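Scroll down for the structure; my scribbles are underneath it.
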Protein chains: 2
Amino acid sequence: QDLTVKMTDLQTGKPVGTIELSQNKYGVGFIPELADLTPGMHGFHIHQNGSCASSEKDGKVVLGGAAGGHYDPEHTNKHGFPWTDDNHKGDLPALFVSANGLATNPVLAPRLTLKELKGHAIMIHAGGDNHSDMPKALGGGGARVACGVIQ
Amino acid sequence: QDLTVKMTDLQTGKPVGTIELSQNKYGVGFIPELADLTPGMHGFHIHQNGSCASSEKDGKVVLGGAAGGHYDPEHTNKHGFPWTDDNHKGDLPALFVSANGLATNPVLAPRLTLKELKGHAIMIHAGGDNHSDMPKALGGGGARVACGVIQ
Ligand SMILES: [Cu+2]
Ligand SMILES: [Cu+2]
Ligand SMILES: [Zn+2]
Ligand SMILES: [Zn+2]
């Protein structure tokens, strides 16, 4: 009922820490213990496929692309807040990284259950997340910088 | 059912923006539109008294002290997470301020209802919030840097 998730830097292939997932009566808590990340807010979402391998897009390599799109069991095909229902159920609150490159601020996803996360990937993006597909799709998260699979 | 909250810098007495509170089926959403704040994570809590005036502590002035301690209707007398019940019900997720001094990342408090917040003050601290009374009390938020009352 409680699984630690190893996270790997997609560019370097080097481990950057772990993320602990806990079920509580309000949702799933995500407690990071990561390092070597660029300071600031990062797009943070659960993804469809249970893989962190790369994919291919029109001739270019997509790091962590094998994970697929954002977890969306309701097939909303929209990106939004962690507290709104008509958008990817995998949309999590943005993840904060200190000036020292560390991420330790815990975060909650009220619409998720721990059980449904098994076999899915957790992704950390380079850009932020304004919880909209505007001006940039998927909240402007951009490239995927860190990933881990939830066994 | 939806009230905009004007926030004031305690040191300068100058307005720093507003914070919109919205009730959703998962809790109370807090959407900031503030400026002139020091970059980084800030302690963010709802306080007991409906005032942002100063107070007095053993001969020294306490900016925003009139607001009293953290909202704690269950009298837990402990500081913790926004998703744990045996701690101040007024404990909110930390607030992020960009390098440009702006705060725009929305935040959720699942244990609160919009109705119960009327007449209370929202406080923003200088330090962060590790959601514990250790090593520093109240999460290490420290001095109060910005405040507003929820009419
Ligand atoms: Cu993502
Ligand atoms: Cu406070
Ligand atoms: Zn999404
Ligand atoms: Zn507290």
Side-chain angles (χ1 to χ4, degrees), chain A residues 7 10 30 42-49 52 55 62-72 79-80 82 87-95 109 120-129 131 133 136-148, chain B residues 7 10 30 42-49 52 55 62-95 109 111-112 120-134 136-148:
Chain A
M7 295 297 283
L10 298 176
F30 293 78
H42 293 278
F44 194 39
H45 334 106
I46 296 304
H47 272 248
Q48 192 31 51
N49 309 329
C52 285
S55 63
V62 183
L63 296 171
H70 295 186
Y71 179 46
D72 185 26
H79 177 75
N87 58 269
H88 310 143
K89 193 182 190 177
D91 295 334
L92 309 171
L95 199 57
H120 293 294
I122 305 175
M123 200 67 78
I124 296 177
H125 294 249
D129 189 343
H131 301 103
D133 281 298
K136 299 175 178 181
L138 314 178
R144 313 177 176 193
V145 298
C147 184
Chain B
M7 295 297 283
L10 298 176
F30 293 78
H42 293 278
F44 194 39
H45 334 106
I46 296 304
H47 272 248
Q48 192 31 51
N49 309 329
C52 285
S55 63
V62 183
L63 296 171
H70 295 186
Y71 179 46
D72 185 26
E74 305 304 323
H75 311 265
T76 64
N77 304 298
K78 299 183 177 75
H79 177 75
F81 299 85
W83 47 83
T84 42
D85 302 320
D86 191 39
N87 58 269
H88 310 143
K89 193 182 190 177
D91 295 334
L92 309 171
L95 199 57
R111 288 193 293 141
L112 285 168
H120 293 294
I122 305 175
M123 200 67 78
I124 296 177
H125 294 249
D129 189 343
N130 68 341
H131 301 103
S132 175
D133 281 298
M134 300 172 289
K136 299 175 178 181
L138 314 178
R144 313 177 176 193
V145 298
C147 184

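Atoms within each ligand, like the ligands themselves, are counted from 1 in listed order. Note on naming: letters A, B, ... go to the chains in the order of the sequence lines (proteins, then strands), and numbering restarts at 1 for each one.
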Next item on the list: Give a yes/no answer: is there an N/O/S atom of B/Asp91 under 2.8 Å from the Zn ion (ligand 4)?
Entry: yes

Item checked: Proximal heteroatom of B/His79 relative to the Zn ion (ligand 4) (N/O/S) -> ND1

Margin query: Taking N, O or S atoms only and a limit of 2.8 Å, check whether B/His70 reaches the Zn ion (ligand 4).
Written below: yes

Check: Going by atom types only, do A/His131 and A/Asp91 share a side-chain donor-acceptor pair under 3.5 Å?
Finding: no

Item checked: Three-point angle A/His47:NE2, the Cu ion (ligand 1), A/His125:NE2, rounded to the nearest 10° -> 110°

Check: For the Cu ion (ligand 1), what is the closest N, O or S atom on A/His45?
Finding: ND1

Checklist line | Side-chain donor-acceptor contact under 3.5 Å, B/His45 with B/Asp129 | finding: yes

Note to self: Would you say the ring centers of B/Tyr71 and B/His47 fall short of 6.0 Å from each other?
What the structure shows: no

Notebook entry, point to check: Of all N, O or S atoms in B/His88, which has the smallest distance to the Zn ion (ligand 4)?
Noted result: ND1

Item checked: A/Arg144 versus A/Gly64, closest heavy-atom pair with distance -> NH1-O, 2.7 Å

Note to self: Does either side chain, that of A/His79 or that of A/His70, offer a donor lying less than 3.5 Å from an acceptor on the other one?
What the structure shows: yes

